[PDB]
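Numbered per our numbering, the sequence shown spans residues 14 to 195.
For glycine and all other residues, C-beta sits at the position ideal for the given N, C-alpha and C.
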Amino acid sequence: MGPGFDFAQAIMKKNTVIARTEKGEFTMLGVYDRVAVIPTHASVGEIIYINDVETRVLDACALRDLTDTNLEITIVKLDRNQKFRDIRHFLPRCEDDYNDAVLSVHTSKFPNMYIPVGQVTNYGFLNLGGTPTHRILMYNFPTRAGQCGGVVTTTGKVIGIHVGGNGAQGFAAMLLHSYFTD
Numbered sequence: 014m015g016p017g018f019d020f021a022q023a024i025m026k027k028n029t030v031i032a033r034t035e036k037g038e039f040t041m042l043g044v045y046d047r048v049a050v051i052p053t054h055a056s057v058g059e060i061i062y063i064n065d066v067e068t069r070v071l072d073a074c075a076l077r078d079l080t081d082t083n084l085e086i087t088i089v090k091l092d093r094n095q096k097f098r099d100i101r102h103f104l105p106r107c108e109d110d111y112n113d114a115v116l117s118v119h120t121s122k123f124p125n126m127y128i129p130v131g132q133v134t135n136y137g138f139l140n141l142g143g144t145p146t147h148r149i150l151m152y153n154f155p156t157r158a159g160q161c162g163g164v165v166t167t168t169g170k171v172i173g174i175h176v177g178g179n180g181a182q183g184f185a186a187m188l189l190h191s192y193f194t195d
């Protein structure tokens with residue numbers, strides 16, 4: 014409908030796959046080469062389904078900050094025959110607040126879904142499903158089950174992946190450029 018949705022659509026069309034684990038179907042953001050991200054509660058194992066194709070996991074790392082607190086991001090390297098478009102230059106370098114964000118989801122249940130969520134707060138600490146979690150972004154939109162792994166964007170930036178909600182608010186884990194230095 015406008016330039017926010019335009020940027021969101023460009024990321025969804027080239028940099029997402031549908032990931033399936035024993036814990037469900039998730040939107041998965043490809044970042045560069047064969048490296049992607051997914052919420053840690055997806056419980057990635059040695060094998061994952063990517064667009065319904067059986068795929069070996071070459072590496073998976075559940076990120077924690079330097080205080081050994083959960084960040085809810087798992088970085089996965091996939092034994093896939095094709096690289097993602099490199100989108101690391103769209104990642105923010107520091108923790109920040111944002112205006113006018115879009116949450117975009119692509120699953121069997123919610124295809125081609127875009128949600129304008131408005132203002133995004135640097136919320137910080139969240140008790141997420143009983144797990145102390147840091148670097149949480151918050152938006153005042155009643156996001157529901159199935160939208161986990163959803164990409165949060167602004168015009169020109171990919172800022173986070175959806176990891177939960179409380180029925181009134183939705184929460185995303187920050188993506189930072191420093192996670193994907195190779």
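- In this structure, DSSP gives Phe-154 a state outside helix and strand, which the three-state scheme calls coil.
- Pairing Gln-182 with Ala-32, the inter-Cα distance amounts to about 25 Å.
- Counting the other CB atoms within 10 Å of its CB gives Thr-194 a total below 16, which places it among the exposed residues.
- With contacts defined by Cβ atoms closer than 8 Å, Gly-162 and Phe-39 form a contacting pair.
- Around the beta carbon of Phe-138, a 10 Å sphere encloses fewer than 16 other beta carbons of the protein chains shown; the residue is thus reported as exposed.
- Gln-95: not part of any beta strand (DSSP E); DSSP gives it neither H nor E.
- As the crow flies, the alpha-carbon of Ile-61 is around 26 Å from that of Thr-166.
- Membership of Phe-20 in the alpha helix (DSSP H) is indicated by the continuous run 16-28.
- Annotated as proximal: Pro-52 and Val-176, with beta-carbon spacing under 8 Å.
- Just measuring C-alpha positions, the residue of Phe-103, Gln-160, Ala-186 sitting nearest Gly-180 is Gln-160.
- Distance from the CA atom of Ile-149 to the CA atom of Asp-65, rounded to whole angstroms, is 30 Å.
- With at least 16 other beta carbons inside 10 angstroms of its own, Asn-83 counts as buried.
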